[PDB]
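**Student:** Here the protein sequences line up with chains B and A, keeping their order. PDB author numbering puts the first sequence at residues 171 to 175, 217 to 238, 261 to 369, 373 to 380. PDB author numbering puts the second sequence at residues 33 to 91, 107 to 335, 375 to 617, 845 to 858, 876 to 1572, 1589 to 1602. Using N, Cα and C, we set each Cβ at its ideal position, and we do this for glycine too. Handing you a structure now.
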Amino acid sequence: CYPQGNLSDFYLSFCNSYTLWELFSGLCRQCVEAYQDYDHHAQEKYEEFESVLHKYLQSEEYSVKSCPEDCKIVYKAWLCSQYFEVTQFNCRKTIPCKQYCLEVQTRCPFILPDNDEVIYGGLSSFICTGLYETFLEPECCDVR
Amino acid sequence: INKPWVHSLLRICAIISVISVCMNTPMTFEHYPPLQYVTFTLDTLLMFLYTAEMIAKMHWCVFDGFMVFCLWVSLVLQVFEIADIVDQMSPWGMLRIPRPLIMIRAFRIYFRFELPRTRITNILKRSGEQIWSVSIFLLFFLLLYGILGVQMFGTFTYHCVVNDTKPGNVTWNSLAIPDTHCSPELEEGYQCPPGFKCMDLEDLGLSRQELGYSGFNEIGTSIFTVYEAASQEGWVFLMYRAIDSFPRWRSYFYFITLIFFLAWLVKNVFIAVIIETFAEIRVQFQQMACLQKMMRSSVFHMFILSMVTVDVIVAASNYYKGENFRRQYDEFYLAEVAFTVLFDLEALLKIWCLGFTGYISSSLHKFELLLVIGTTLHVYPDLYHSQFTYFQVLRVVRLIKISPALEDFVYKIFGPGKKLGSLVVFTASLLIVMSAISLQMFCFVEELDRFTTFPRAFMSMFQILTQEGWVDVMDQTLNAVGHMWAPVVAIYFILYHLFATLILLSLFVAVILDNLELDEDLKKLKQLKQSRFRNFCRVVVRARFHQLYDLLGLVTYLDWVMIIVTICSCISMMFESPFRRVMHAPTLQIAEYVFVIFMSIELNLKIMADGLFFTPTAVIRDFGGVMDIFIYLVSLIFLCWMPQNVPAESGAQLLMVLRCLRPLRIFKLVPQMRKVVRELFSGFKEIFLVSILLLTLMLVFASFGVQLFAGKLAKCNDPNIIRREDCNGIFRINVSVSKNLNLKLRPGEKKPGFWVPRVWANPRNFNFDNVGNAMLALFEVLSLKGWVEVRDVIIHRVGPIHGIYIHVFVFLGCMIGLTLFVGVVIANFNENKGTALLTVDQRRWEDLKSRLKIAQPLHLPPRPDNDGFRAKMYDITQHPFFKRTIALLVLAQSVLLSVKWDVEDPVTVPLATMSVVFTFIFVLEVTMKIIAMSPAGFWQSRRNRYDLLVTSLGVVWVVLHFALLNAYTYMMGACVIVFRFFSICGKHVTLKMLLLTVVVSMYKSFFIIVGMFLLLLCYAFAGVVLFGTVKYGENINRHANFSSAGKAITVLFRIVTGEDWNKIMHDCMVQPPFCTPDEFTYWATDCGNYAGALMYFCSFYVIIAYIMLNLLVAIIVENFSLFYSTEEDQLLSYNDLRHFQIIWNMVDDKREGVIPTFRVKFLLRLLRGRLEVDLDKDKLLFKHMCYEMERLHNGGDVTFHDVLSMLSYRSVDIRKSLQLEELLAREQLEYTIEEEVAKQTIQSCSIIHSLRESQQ
Ligand SMILES: CC(C)CCC[C@@H](C)[C@H]1CC[C@H]2[C@@H]3CC=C4C[C@@H](OC(=O)CCC(=O)O)CC[C@]4(C)[C@H]3CC[C@]12C
Ligand SMILES: *[C@@H]1O[C@H](CO)[C@@H](O)[C@H](O)[C@H]1NC(C)=O
């Protein structure tokens, strides 16, 4: 409960779902400042996602079960998991971090990608599984 | 040039010349240096042999001279180009634009028909005059809808941008995702939420090239947009933009009426014109041991066909497993090798038995040995799974021999090979020539990659032909060339599109139909060949009731009650939604209960009256009764159950979906709808055989795709990654903001997008991994909607060679395959109506009879004489110059609506005022007739009624405008101008005939439209219950939904036009992990239905587009020939009947319609023109006609129609126009008249009288 600005009491600024204990156990100036740099990069990417999502006027209609809140939550979770490929241990509720990917495409709207340098043919902007591949290992918190 | 080989070689060299000019391209030389010279090596040769060929003829040839001049010019240009003095990217290349036309010489000697070319000239005269008439009709409709759009819509430049945005700096990051239009008002159009503001993009220093071209700014842009929408290409999105920018009712009315009138009827008038062209062609062409015996065994044939089936199935069963499973010597390869050896032995044994001479004589065996040769080469490792695979997948054609019915149907519908073969050859040649012309026209324009090589130009022309995205090709080409040449380029593209869609695609339908009809020889010869409590129920069921009394007695009282109850239940079901269920909303159950209870009674009242089975008029006697009791049981079970929880993909949901078939009771309760269904299903056999042919084609091409495209369409969604190994991590993907705006990006600006995972996946809408995936992809391609995406994906991810695969199918499945449905439907329609076995002359005689029955005397009064006033003004009124001047004035007043009449705008004030003058002018016109012919006479014509109506409205508008002056007055004036413009159809003869055709087709099509609407309503209810809550996807958006019955109806109507229907289908197929499912209810989940969506959408599209939509075509093709007529040498012309009406009014001062039998001789003596009966040279015809009009009645005065029918009979060869019954009756009557006059002894008309008497 000491967001940096026992190492298991110091969480990151943006990726609040991670602790210095988890980072050092998986992935002090040396690595701490690198972790905060990764945090800043993830913050920038998530701010870009939020910029693209606020311009989606169909935010309160694309789904009867999902809202922009859960979409943003799961997307930030997935982004932080991709930036910190580590395993959490103090989580009370566990979830296979890869699952977060699915959650995104389950709770976020269908954003149409542009067709200039490639024809997607109805493919969404956010997809998880490829042509015949076993999607699912690390374990993260369930912040849903 | 006495040698015969020289002409063959010259044809070959003309083909080679077009081939060479098609290859003389800058990019082609850049990618292949040596070609740059080989081209120069060909022309220099050709240019000699051609030159030497003309001089040799000097010591249609003007064409040869001009073309050899063009060759010389092209060769000198290429000489200077190789010298680097003339840039290869210069417009000088256009010097070769005429060279492709040399291809005409290749197919010139084949213009030798079996008849004098005068017949061809006359046929083309007729067909071209009718084509010009229908083109003027289309222009009238286009101008009408253009002014309507300019007045009802404006410039769609109001978009929502982020709150704080100032002019000049509008960028990609300013618009919403996706870009949305809006309205500056507060209750009209779309209002975007907080954080965004509606602003005019054109005001923020944005060029129109960036915004687009389509719109309703002025008359020209509006007409362009209207013509684009008439092709049913990108009109729904225009409609969406309009609904966002302006009120909804405007867009709905406008666009739905445009699709109904322009995109359908007016476009079917061209098909009718081409069909009548073929009919006229037909008319003018008619006016003149141990192993030998076993081989022939039935078991061996069955065994060979079974082995062919097993072979095709095993070949198509090799689906994609994974990158870890496949080999070039797989088990499928060994099975194919075994089957190839088997069939090769099969062919060699046939040859050994029947000898190669007798074996090769058969066409089927020709094809079999060709397949043998092609497959024995395909089993070679280097050729396995290559373009040779075609041969293998053609083996299935052999199976066509198992069903003799399908074989004979193929032989029939494809008719003599020559017709459709020549049509295909002409299509290919014209495509090649137009592609070459467009190439040499745009091969040099920079930043335009659509005509940089001949393959791309051919692809562009083919795309324009298929109408899928042709507007995009045109827009790209226009943006490429400067705004100075943009108008001429647009005119060229529009002319090509017109000729390709309204002539060629119509020629295909015409050829298929003509082949589906018998020829006049066999038609003629075939027509020659065939010369208690039960009493109360009975009373209550069988009790029933001008034409109002006929309508009230159309059905029984009980059937009327059932019709009203069904309509009420349907109106109630229209209010059901995924969130307002009939199970939880009592107000919606009322109707339900009614429909059940009432229906029950009805059933019983009928059962107890007619039993159920084994009676003449039972209740469950037809399929209609079975459907009725099925609907009843479904409704009763649902009412008694009323499940409060309906899980998705459950039995309760299936019950709910089946409950949507209630509107089909109107098909059984209304006699006319029963007639529609019966007449449609009478051709189900031919429909089924055409479906089997299309399924065979799709199976062939799906097998090919699966063996050659399996797993090869997957790619990394990151365009920067190439290999599957590096397709991991994340990357910044760009989101699609707008595909209508061409807003360029700045050097210091980033496109809107966000970070996503890198994945190696196929397209969501199609793939060729299994046989089912490939079959569904090709079924979607068959609709020509989104097929350019498949083309591009196959050309990019697999290879450019395979661009052939997608282009042949689209030609055999769409230009020919789907045409078969049109032909079959129209032929079954004509057969049901009873005009299929009649020769063309008999059809024309029937049409003339109808036209003369609907004709009435020209009731215009005579020219006064007592008063110089009225006489002078009457002479001035009925002068053709005055009529055409008033027509030109009516046409010019409509030009005042070229700009939107607006109170915010000053340009309106002059225009309106100008129109006022026009109005006054028109008054005078009307007024002068009210003085020329007197109110009694002026009110005689029903056209003058409309004239006076609109003129009175215009006067009222002038008063209210120069008295109040407001927006409502301007709208009234615009409506008045539109009405007076619509009045123009009464000034033109052929325009009047064509609008009569269209309106009478709309009238006679009423019940077919009603049945289509009933099917659409059943499908709409089913869709609201199936996909009512489906997560928004590619095309399921704020506009396209199934949340309401109206939303479903509108999206289904859009689907009827095919506008991205497969995208909606794939959107409704969404399943986890792309949606959150629910185990309880179906209205609490954002998931779709895979198989449900497939069934729904595929069946709807098939039934509506491929079958019922053609029913309208037929009707048009009918009423067209019923109303449109041209001057002929065998029947009565429009000129003839107008002259007859004139002379009738001249000889009959009275207007009782009857003429004394002694005044009939006066009428005949007075009849001049093409109907003159000369008494100095033709006294016999005159005497016969007089005696006929005197005998028709025992001295009673005859009728206008009586004399008209006499002249009709006396103006055509009865033996070639009448049928057995009427021909015999008429010949008997005429010979009776003749011999009676003989005993009493003690020009078209004249020419046919000579025919008759001389033949006697
Ligand atoms: C059916 C008969 C009567 C006429 C059919 C026309 C073809 C036989 C000829 C005419 C034009 C020729 C084409 C002219 C241009 C090209 C492009 C040329 O060079 C490229 O494709 C470079 C483009 C690139 O790959 O970037 C390859 C040959 C090709 C396809 C030629 C293939 C053979 C074509 C289609
Ligand atoms: C997005 O657009 C930019 C142009 O600003 C381009 O460089 C980039 O490659 C695009 N991204 C993708 C994934 O195509």
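(1) According to DSSP, simplified to helix, strand and coil, what is A/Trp1085?
(2) Rounded to whole angstroms, what is the Cα-Cα separation between B/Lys298 and A/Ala1414?
(3) Determine, using beta carbons only, whether A/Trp1085 and B/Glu281 come nearer to each other than 8 Å.
(4) Please list, in chain order, the residues of the region 1395–1407 of chain A that have any C-beta partner in chain B closer than 9 Å.
(5) Using a Cβ-Cβ distance under 8 Å, would A/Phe544 count as near chain B?
(6) What residues of chain A sit near B/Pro342, judged by a beta carbon separation below 7 Å?
(7) In whole angstroms, what is the alpha-carbon distance linking A/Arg1062 and A/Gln238?
(8) Suppose only complete runs of 4+ residues qualify. What are the alpha helix (DSSP H) ranges in the region 480–529 of chain A, listed by chain order?
(9) Are any of the Cβ atoms in chain B nearer than 8 Å to that of A/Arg382?
(10) Checking contacts by CB at 8 Å: is B/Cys334 closer than that to chain A?
(11) Tell me whether the region 1527–1534 of chain A and the region 1483–1502 of chain A touch, counting them as touching only if at least three CB pairs, one residue from each stretch, are closer than 8 Å.
(12) Give a single yes or no on whether A/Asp1048 has its beta carbon closer than 7 Å to a heavy atom of ligand 2.
(13) So B/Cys376 is in the beta strand (DSSP E); what residue range does that whole segment cover?
(14) In terms of residues, what are the limits of the alpha helix (DSSP H) holding A/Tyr1420?
(15) Measuring CA to CA, which of A/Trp890, A/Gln331, A/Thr475 is closest to A/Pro163?
(16) Kindly indicate if chain B contains any beta-carbon less than 8 Å away from that of A/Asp561.
(17) Taking only the alpha-carbon atoms, compute the straight-line gap between A/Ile1593 and A/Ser515 and give it to the nearest angstrom.
(18) Less than 8 Å between the C-beta atoms of A/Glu1458 and A/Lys1115, yes or no?
(19) Taking a contact to mean a Cβ-Cβ separation below 8 Å, would you say A/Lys505 touches A/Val427 in this structure?
(20) Out of A/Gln549, A/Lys610, A/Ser137, A/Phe1312, which one is the CA nearest neighbour of A/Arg1545?
(21) Just the Cα atoms here: how many angstroms apart are A/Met929 and A/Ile306?
(22) Relative to the C-alpha of A/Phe1096, which residue among A/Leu1167, A/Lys1393, A/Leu1019, A/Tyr274 is closest?
(23) Which residues in chain A have a C-beta closer than 9 Å to the C-beta of B/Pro346? List them in chain order.
(24) Could you say which of A/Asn1367, A/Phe1492, A/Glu1016, A/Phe530 lies nearest to A/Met136 if we only look at CA atoms?
(25) Please list the partners that B/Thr362 has in chain A, where partner means a Cβ-to-Cβ separation under 9 Å.
(26) In whole angstroms, what separates the C-alpha of A/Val1101 from that of A/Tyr405?
(27) Is any non-hydrogen atom of ligand 1 found closer than 7 Å to the C-beta of A/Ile47, if you look at the structure I gave you?
(28) Near A/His1132, which residues of its chain fall below 8 Å by C-beta distance, leaving aside the five closest residues on each side in sequence?
(29) Is there a C-beta anywhere in chain A that falls below 8 Å from the one on B/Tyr295?
(30) For B/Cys226, which of B/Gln263, B/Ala275, B/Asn217 has the nearest alpha-carbon?
(31) Count the other CB atoms within 10 Å of the CB of A/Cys970; is the residue buried (16 or more) or exposed (fewer)?
(32) Would you say A/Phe1311 and A/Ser1245 are within 8 Å of each other, going by their C-beta atoms?
(33) I'd like to confirm something about A/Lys1081: is its beta-carbon nearer than 7 Å to some heavy atom of ligand 4, or not?
(34) In whole angstroms, what separates the C-alpha of A/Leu1075 from that of A/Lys1081?
(35) Less than 8 Å between the beta carbons of A/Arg329 and A/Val1328, yes or no?
(36) Is A/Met1145 closer than 8 Å to A/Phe594 when the C-beta atoms are compared?
**Tutor:** Based on what the coordinates show:
(1) strand
(2) 7 Å
(3) yes
(4) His1396, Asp1397, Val1400, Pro1402, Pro1403, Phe1404, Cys1405, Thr1406
(5) no
(6) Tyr1362
(7) 31 Å
(8) 490–499, 503–528
(9) no
(10) yes
(11) yes
(12) yes
(13) 375–377
(14) 1420–1431
(15) A/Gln331
(16) no
(17) 44 Å
(18) no
(19) no
(20) A/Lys610
(21) 38 Å
(22) A/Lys1393
(23) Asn1047, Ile1063, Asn1064, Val1065, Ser1066, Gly1083, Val1086
(24) A/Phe530
(25) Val1089, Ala1091, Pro1403
(26) 7 Å
(27) yes
(28) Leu1038, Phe1039, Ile1124, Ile1125
(29) yes
(30) B/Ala275
(31) exposed
(32) no
(33) In terms of ligand content, the structure shown lacks ligand 4 and carries ligand 1 and ligand 2 instead.
(34) 7 Å
(35) no
(36) yes
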